[PDB]
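Okay, structure first, notes after.
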Amino acid sequence: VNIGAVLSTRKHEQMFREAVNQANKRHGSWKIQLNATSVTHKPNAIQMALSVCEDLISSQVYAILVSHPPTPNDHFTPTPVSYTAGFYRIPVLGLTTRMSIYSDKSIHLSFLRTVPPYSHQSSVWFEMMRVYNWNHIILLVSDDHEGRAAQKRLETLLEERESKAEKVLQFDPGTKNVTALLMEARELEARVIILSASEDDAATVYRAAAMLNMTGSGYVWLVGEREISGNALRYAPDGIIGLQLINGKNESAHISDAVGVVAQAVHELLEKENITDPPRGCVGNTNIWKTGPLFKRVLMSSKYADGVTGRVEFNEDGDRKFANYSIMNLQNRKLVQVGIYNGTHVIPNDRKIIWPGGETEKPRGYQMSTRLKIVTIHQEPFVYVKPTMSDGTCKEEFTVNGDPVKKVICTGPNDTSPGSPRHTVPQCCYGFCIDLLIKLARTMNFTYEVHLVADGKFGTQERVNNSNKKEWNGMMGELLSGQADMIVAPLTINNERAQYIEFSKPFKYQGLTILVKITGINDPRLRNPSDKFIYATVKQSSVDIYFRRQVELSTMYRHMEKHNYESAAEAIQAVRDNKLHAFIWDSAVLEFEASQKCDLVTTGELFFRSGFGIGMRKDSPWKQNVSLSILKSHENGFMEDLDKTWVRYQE
Amino acid sequence: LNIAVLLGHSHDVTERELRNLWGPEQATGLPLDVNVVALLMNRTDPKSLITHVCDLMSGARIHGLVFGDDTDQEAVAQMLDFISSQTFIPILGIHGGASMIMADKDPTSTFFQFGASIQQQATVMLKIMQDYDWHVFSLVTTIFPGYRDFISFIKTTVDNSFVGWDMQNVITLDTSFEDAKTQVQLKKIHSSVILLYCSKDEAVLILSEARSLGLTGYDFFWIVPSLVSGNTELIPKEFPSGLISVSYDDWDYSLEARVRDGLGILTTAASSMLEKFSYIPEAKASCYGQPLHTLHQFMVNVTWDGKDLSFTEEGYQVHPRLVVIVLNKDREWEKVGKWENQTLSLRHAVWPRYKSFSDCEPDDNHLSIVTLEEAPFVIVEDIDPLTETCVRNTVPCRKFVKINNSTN
Amino acid sequence: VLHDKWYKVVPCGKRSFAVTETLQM
């Protein structure tokens, strides 16, 4: 029942003596007979470790307490005591340090604390983010050692929220060239600055942002416990969200809470059976504590009914119990406060949140980024690739119908992939998708960046690798990341192709159609292929997913996967010159081929009638504008004009 | 200079033969204070090691204290890490507690261990398993440091390997088992390969539970990393004959085999970086009260005797001379091959049947089939060389084609 | 299953959807 302690300052020793003298048996009901002893920390790390190894484990101690700020290791962490007591499964109370790397159960077997580490701070930040729908955030963490674990936890929680952030990487510890990333963040979704570095590493970023006037509206600064103290309050903008946990700042209150937790743990241990003493660490003794895993379970895997904090639902890692927060605001270094976290959900206090932008309501955090990468993909019915007339200048033509043709400056290859590998000549593209892009550009103002992608494949998930992981490729892999979220292409939403992101309203329902030289699905010629029935369609398209879902065309899939070409210009030129037999694509291409060529039968035999929606990101504030534009185009007379100009175009 | 070979192993070997090792190991007249010493830590406790370190530090500031043991212990590893972080001395882990690989080491610590890392062990065990066409594995981790990195490396190796690998549920042994919540998990394990990433006592307990609950059969091949078989003098009786033990060293690579290499690397680094720091042996005075151009992070590129003994950011041999051995019948480690820096040099390419692993195994269900080259039958072909492996549909046939007629 | 039972013979059951473009000429 002997309990030890290791402090450095006399005030901590006096507080521990008072705590073990008075109000020591109040925790619980059993009359404890603990023998509390304290060891003064030595200025040298080796001498103190030797004193620990010769006193604590020799006196058969059960728990300790390390809360002195001036550690002899000059690193603000109890390194020697922990490295010496970890062998005997001793619960080293590391409440003096907040390093999330030391709180991990990987390198430290028995190492608990009563101070929220960087992981708990990141969890609280993530909980505060989902309240105001802060999905696309940026992380400006400059620290490396604990910053890596912080950003890993952040990205894992973002993936668990069915989303993905944009900036979760570090740049440099304590740098001054953050002007580029700040200017890039000036045109992003949210201005929520996530900084979880040390004092100087955060002060450098603060002064660098102050030199660039980065103190506008919408900048939600999330700081930790020891990030703004002494002089970092001036470099940081006035109005930062200063997190603070109960009994975290006051040393006496923290020591009292730790003593109460230790008393509750000892009482819970005495409640059950198997009350054994740790092996005495004398010379030649290399015994392991038998009740080590059980002690870890009763510490972190169980709950606490009483104690100093008087809360329940203790964390499963022994870092910090989820309780009420005391987050105080620092508007010009005053006593103002913001919404505190009450362990399960943030509850607003009497005075609402004050923001540095100037107002008190919800600031302009969730801002629509004007930089929208409009990736252009080569399509057969809509995109008409042709060399540009003038150098860097397109001539908008006008057909015999009532819809004008607007050519966009599509920067990309001038021809298909087999023709040229890749070009950077800004040719002219025009089509239904181009007209929709022009309508969206003239409706709402935004900086569009058009660029023609090289490949023309959709990039399904049938035989792709994607760094040996299940993700999308081609032009859809960048959509989930957040770079090119607006794709001007009629993506058929009929299967798990669109289970991650939601598309817009389907504007066409033509579906898919086969070509004849196989006149219908009921004919055995279409079901059972042959040597001449070639199915050289676009590789990794929706037809592949449709054939994977259907189980009656197993003999057809064998002559389908090994025939799909990567490009489509060679395929359409072959099927036009009487080389291919079956080509499953949209009805507009077959209609145009039948209009321009009379030798082709073009029976159609279309029976899919699937919808065609514009590919857009699910979590984005621009997916509603696309639906509104589609609805306006449908209710107006432009629908039949676009149809007669693009789909049913006769020459 | 001074080479303090603090051999703390249990075996009482003659330390007189260590002083005369300066001659053949680059006997140069540049080091002046060559105070070569050797101790023998008898009591297995951190206090004795701390006292020995504090006594050696007072001996005219002894620098470069190479330490090594015989049994891998988690306490000795943490103690040496703390010593290398505080005193900032380039310690060289040879064997035992000095070679216990941890998960995350300190950046300022110069703990240079000898052997293979967890990723190298995973790579070589994956190569061994793929050489025998064994894809049904069961990974079992524990609370010891090196489980999350190990499972991450396993998942990474499974992803890039497109030849098929049965990824069963991972069993965790972080908490103590009471034979009430782990027997149901061990009963569901039906794979042949049993990845047992635990300690010695934990492995003995797992083998005892498997023998008591009827889990040991003629198809279960247990595989243990270098953490389990971290010694060549103590072998438990619960381990059956055939336990694949991939150890970074054996009786051939004893302590004296690496002491000379470490001394040579140290004196080479000293002779190379002596022009920067004139007074290299500069340490603290004692344990009471008490990186710019030193020899801390400047010995990670010395190539001794051609061996690629370079260290990583944390410090570990990139290309160690590890020997892969198995367990024989008479409780001895029978050598079956090794692993070279280029590829896996499996000496015993023919995997034995091992119809009776333990003593109480009367079941003998190991057969043998012989086939020849026939035109209407299966056509004799070669293995796919794009990944040095094949698929489950193509059964690996043990060929016996000779190079020449006169050659044997 | 009871509803989709008397639809065995279908001259233009699955061919009626081809109305957008030209048929076999």
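Throughout, read-outs are computed from the coordinates displayed, never taken from laboratory work. Here the Cβ is made from the backbone with ideal geometry for all residues, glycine too, and neighbour counts use every protein chain on show.
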Filtering the stretch A:232-248 down to residues that are aliphatic (A, V, I, L, M) and either assigned to a helix (DSSP H, G or I) or farther than 15 Å from A:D201 by Cα (or both) yields A:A232, A:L233, A:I240, A:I241, A:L243, A:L245, A:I246
If you go through B:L6, B:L18, the only one that is of a type in the set (A, V, I, L, M, F, W, C) and either touching a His at 6+ places or on another chain (Cβ under 7 Å) or surrounded by fewer than 19 Cβ atoms within 10 Å (Cβ to Cβ) (or both) is B:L6
### Query
Among the residues of the stretch A:113-129, is there at least one that is surrounded by fewer than 20 Cβ atoms within 10 Å (Cβ to Cβ), on the phi < 0 side of the Ramachandran plot and not hydrophobic (A, V, I, L, M, F, W, C)?
yes
Going through the stretch B:73-88 in order, the residues found to be more than 10 Å from chain A (Cβ to nearest Cβ) and surrounded by 24 or more Cβ atoms within 10 Å (Cβ to Cβ) are B:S84
Given the conditions (1) buried (at least 19 other Cβ atoms within 10 Å of the Cβ); (2) small (G, A, S); (3) more than 14 Å from every other protein chain (Cβ to nearest Cβ); (4) out of contact with any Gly (no Cβ under 8 Å at 6 or more places or on another chain), every one holds for A:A23 apart from (1)
For the stretch A:562-610 the number of residues that are over 25 Å from A:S420 (Cα atoms), in a helix (DSSP H, G or I) and away from every other protein chain (no Cβ under 11 Å) is 1
Log entry, pairs with first residue in the stretch B:35-46 being within 14 Å of chain A (Cβ to nearest Cβ), second being of a type in the set (A, V, I, L, M, F, W, C), beta carbons closer than 6 Å, six or more apart or on different chains, reads B:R43/A:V283; B:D45/A:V283; B:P46/A:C53; B:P46/B:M79
Residue check, A:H12 surrounded by 15 or more Cβ atoms within 10 Å (Cβ to Cβ) and of a type outside the set (D, E, K, R)
yes
Open item on the list: Criterion first (within 14 Å of chain A (Cβ to nearest Cβ) and either part of a loop (DSSP other than H, G, I, E, B) or in contact with a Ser or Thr (Cβ under 6 Å, 6 or more places away or on another chain) (or both)) does B:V158 satisfy it?
Closed with: no
Here the residues within the stretch B:167-195 that are in contact with a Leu (Cβ under 7 Å, 6 or more places away or on another chain) and hydroxyl-bearing (S, T, Y) are B:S176
Can you find a residue in the stretch B:53-64 that is more than 24 Å from B:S229 (Cβ to Cβ), among the basic types (K, R) and not in a loop (DSSP other than H, G, I, E, B)? no
B:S176 meets each of (1) within 25 Å of B:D219 (Cα to Cα); (2) assigned to a loop (DSSP other than H, G, I, E, B); (3) polar (S, T, N, Q) with one exception, condition (1)
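The rows are residues; the columns are (1) over 28 Å from B:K307 (Cβ atoms); (2) of a type outside the set (A, V, I, L, M, F, W, C).
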| site | (1), (2) |
| --- | --- |
| B:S85 | no, yes |
| B:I118 | no, no |
| B:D131 | no, yes |
| B:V136 | yes, no |
The correct count of residues that are assigned to a helix (DSSP H, G or I), surrounded by fewer than 15 Cβ atoms within 10 Å (Cβ to Cβ) and among the basic types (K, R) in the stretch A:398-454 is 1
Over the stretch A:479-509, the set of residues part of a loop (DSSP other than H, G, I, E, B), over 16 Å from A:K623 (Cα atoms) and touching a strand residue (DSSP E or B) at 6+ places or on another chain (Cβ under 9 Å) is A:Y509
Apart from one, (1) part of a helix (DSSP H, G or I); (2) away from every other protein chain (no Cβ under 12 Å); (3) surrounded by fewer than 18 Cβ atoms within 10 Å (Cβ to Cβ) all hold for B:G164; the odd one out is (1)
Flagged in the stretch B:242-281 as part of a loop (DSSP other than H, G, I, E, B) and within 20 Å of the chain's Cα centre (by Cα), in numbering order, are B:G242, B:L243, B:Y248, B:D249, B:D250, B:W251, B:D252, B:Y253, B:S254
Of the candidates A:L299, A:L294, A:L270, the one satisfying the condition of being within 14 Å of chain B (Cβ to nearest Cβ), touching a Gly at 6+ places or on another chain (Cβ under 9 Å) and not in a loop (DSSP other than H, G, I, E, B) is A:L299
